[PDB]
Amino acid sequence: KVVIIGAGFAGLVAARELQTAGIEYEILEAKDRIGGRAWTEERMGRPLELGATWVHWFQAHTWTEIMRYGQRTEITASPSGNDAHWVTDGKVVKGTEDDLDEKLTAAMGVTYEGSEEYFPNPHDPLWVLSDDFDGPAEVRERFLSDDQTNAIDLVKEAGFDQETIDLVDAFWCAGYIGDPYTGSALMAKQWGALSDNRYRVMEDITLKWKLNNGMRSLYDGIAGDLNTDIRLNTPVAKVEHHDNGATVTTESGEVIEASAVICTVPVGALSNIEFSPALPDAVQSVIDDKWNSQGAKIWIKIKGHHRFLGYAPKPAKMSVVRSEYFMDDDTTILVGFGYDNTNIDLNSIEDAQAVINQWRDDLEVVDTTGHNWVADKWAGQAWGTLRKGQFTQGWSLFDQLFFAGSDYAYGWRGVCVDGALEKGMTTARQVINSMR
Ligand SMILES: Cc1cc2nc3c(=O)[nH]c(=O)nc-3n(C[C@H](O)[C@H](O)[C@H](O)COP(=O)(O)OP(=O)(O)OC[C@H]3O[C@@H](n4cnc5c(N)ncnc54)[C@H](O)[C@@H]3O)c2cc1C
Ligand SMILES: NCCc1c[nH]c2ccccc12
């Protein structure tokens, strides 16, 4: 009777939560697989994370699921190396990773400025805008100003040199999964607050520990708890939402009546659904503007064992590339993040070779793979990231129709499964509370 649209983490956890409360539900998934933008798949001779992959015990919702489904000890840290390669001014620079992390640490210290006054409770991101905010009016003028500034301009204005500017350019090409210059600096500042305002903790939480058994160990766990079969290959085309319940029409014309709808379809894919009545103009504006998730994630296999770390600013095909697995077949698997999905074919060896050639001439690519989420009709975006203005006038606007998903979370929004687990569960609680 409650229809959940989408069988990603948010819809799976919402279903389990409704099941706990004894509330009847049905999950409709457009694809022939569950997991959504988390997708552990058999590629290049390894289970590979085609979507998300890193976790941490400081992510409350993700960690509780890790504990629930037996993965407590099944995490492995990504490998480290001694040297990094970077491109500052149309030239490749090689230096120690220690020297790299010092420059990045100093830049993040400037990027985080204000986060202690903005986010004393980092799960209350809009507290500065609240009615009883008790800080100075200056802190109220800097918060709104930061929503309209990108994270690179904060570093340029502090007088950092071009090398550091190019390093943070590359960093946020990966972090903002697209063009960082159109992004909102407050995203970066909230990441810092959730990470005790320390760059090393931020990296520990988002880019260190991998699930040995993949995200699949978690989303199959949740689905394995459900007492109602997920309806795969059942795309939703129309949602009618009134005061008395709602109606959902599938792509095939099947009409489902429902007391409520929990819609986990990401912003990049909401255009496939006709909403009757139409969504509010403020929400439609965000849907038109889309995310800042125009990038891509690649997996590259090269000959030999090489501990590699490369940074390249926009418009590089890939901005951050790092070794992740050393195969017993004398090869290394690297992961890369790039700002523009249309400038790279994730499955073309020549394009992957062009990526490695950004920094080196002695490394040979033998395979490459990736799923282009932006060109995936049911996603339309990688992980959700914020354009200018979307920290205070974006994700919070989505409020018997409820939107749930990582892109609307209070905490680790968009970038982490933690946000999907948070918002799926709390949205189910909204439905539970209304029926009680
Ligand atoms: C490349 C990439 C790497 C990532 N790496 C990490 C990482 O290392 N760590 C981490 O914690 N997080 C990571 N994430 C983030 C994580 O994948 C997401 O935050 C989380 O999976 C989002 O879940 P969701 O349920 O909110 O949305 P989704 O997973 O997008 O679920 C929505 C579901 O709705 C379905 N759907 C869409 N339209 C319709 C329709 N019309 N009818 C029916 N069903 C429909 C979709 O097929 C999908 O199954 C990554 C994301 C990406 C894209
Ligand atoms: N696949 C993990 C995506 C990610 C989360 N945080 C990041 C920071 C920089 C680059 C990628 C990421």
# chains A, B, ... in the order shown; residues from 1 in each chain; ligands from 1
>>> residues_near_ligand(ligand="ligand 1", cutoff="7 Å", atoms="only C-alpha atoms and all ligand atoms", output="ChimeraX atom specification")
/A:5-11,28-31,34-38,50-55,206-207,234-237,264-266,269-270,272-273,296-297,373,378-379,381-383,404-407,414-420
>>> residues_around(residues="residue 170 (chain A)", least_positions_apart="3", cutoff="12 Å", atoms="only C-alpha atoms", output="PyMOL selection string")
chain A and resi 85-88+104+151-152+163-167+173-181+309-321+336-339
>>> write_last_selection(atoms="C-alpha atoms", output="short mmCIF file (atom, residue, chain, number, x, y, z; two decimals), in the first residue's frame")
data_model
loop_
_atom_site.label_atom_id
_atom_site.label_comp_id
_atom_site.auth_asym_id
_atom_site.auth_seq_id
_atom_site.Cartn_x
_atom_site.Cartn_y
_atom_site.Cartn_z
CA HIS A 85 52.43 13.44 -9.92
CA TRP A 86 50.59 16.70 -10.54
CA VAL A 87 50.02 19.34 -13.22
CA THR A 88 50.22 22.96 -12.04
CA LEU A 104 46.42 20.06 0.42
CA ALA A 151 35.82 26.06 -3.31
CA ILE A 152 38.71 27.02 -5.62
CA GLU A 163 50.52 25.07 -7.84
CA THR A 164 48.12 24.85 -4.91
CA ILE A 165 45.31 26.30 -7.04
CA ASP A 166 45.85 23.56 -9.62
CA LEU A 167 46.02 20.89 -6.91
CA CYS A 173 36.98 18.00 -9.95
CA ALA A 174 36.86 14.59 -8.29
CA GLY A 175 35.02 15.67 -5.13
CA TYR A 176 32.32 17.63 -6.96
CA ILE A 177 32.22 14.95 -9.70
CA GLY A 178 32.06 17.50 -12.53
CA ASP A 179 32.97 21.18 -12.88
CA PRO A 180 34.10 22.52 -9.47
CA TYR A 181 33.88 26.14 -10.58
CA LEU A 309 48.85 9.06 -7.56
CA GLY A 310 48.09 11.72 -10.16
CA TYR A 311 46.30 15.06 -10.05
CA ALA A 312 45.28 17.08 -13.11
CA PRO A 313 43.05 20.19 -13.23
CA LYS A 314 40.08 20.76 -15.48
CA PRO A 315 39.68 20.01 -18.40
CA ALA A 316 41.70 16.80 -17.99
CA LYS A 317 39.92 13.59 -18.94
CA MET A 318 40.60 12.43 -15.36
CA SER A 319 41.57 14.63 -12.43
CA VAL A 320 42.48 12.17 -9.68
CA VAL A 321 43.90 8.73 -10.51
CA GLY A 336 40.04 7.69 -11.60
CA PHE A 337 37.49 10.47 -11.24
CA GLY A 338 36.86 13.03 -13.96
CA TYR A 339 34.76 16.15 -14.34
#
>>> closest_residue(among="A:27, A:282, A:334, A:260", to="residue 402 (chain A)", atoms="only C-alpha atoms")
A:260
>>> residues_around(residues="residue 304 (chain A)", least_positions_apart="2", cutoff="10 Å", atoms="only C-alpha atoms", output="list in words")
residues 301, 302, 306, 307, 326, 327, 328, 329, 330, 331, 332, 333, 363, 364 and 365 of chain A
>>> closest_residue(among="A:203, A:215, A:355, A:389", to="ligand 2", atoms="only C-alpha atoms and all ligand atoms")
A:203
>>> atom_distance(atom1="CA of residue 98 (chain A)", atom2="CA of residue 204 (chain A)")
15.7 Å
>>> residues_around(residues="residue 160 (chain A)", least_positions_apart="5", cutoff="10 Å", atoms="only C-alpha atoms", output="list in words")
residues 103, 106, 107, 110, 154, 155 and 165 of chain A
>>> select_by_dssp(residues="region 18-121 of chain A", states="strand (DSSP E)", output="list in words")
residues 25, 26, 27, 28, 40, 41, 42, 43, 46, 47, 48, 49, 54, 55, 75, 76, 77, 83, 84, 85, 86, 87, 92, 93, 94, 95 and 96 of chain A
>>> closest_residue(among="A:73, A:111, A:148, A:162", to="residue 213 (chain A)", atoms="only C-alpha atoms")
A:73
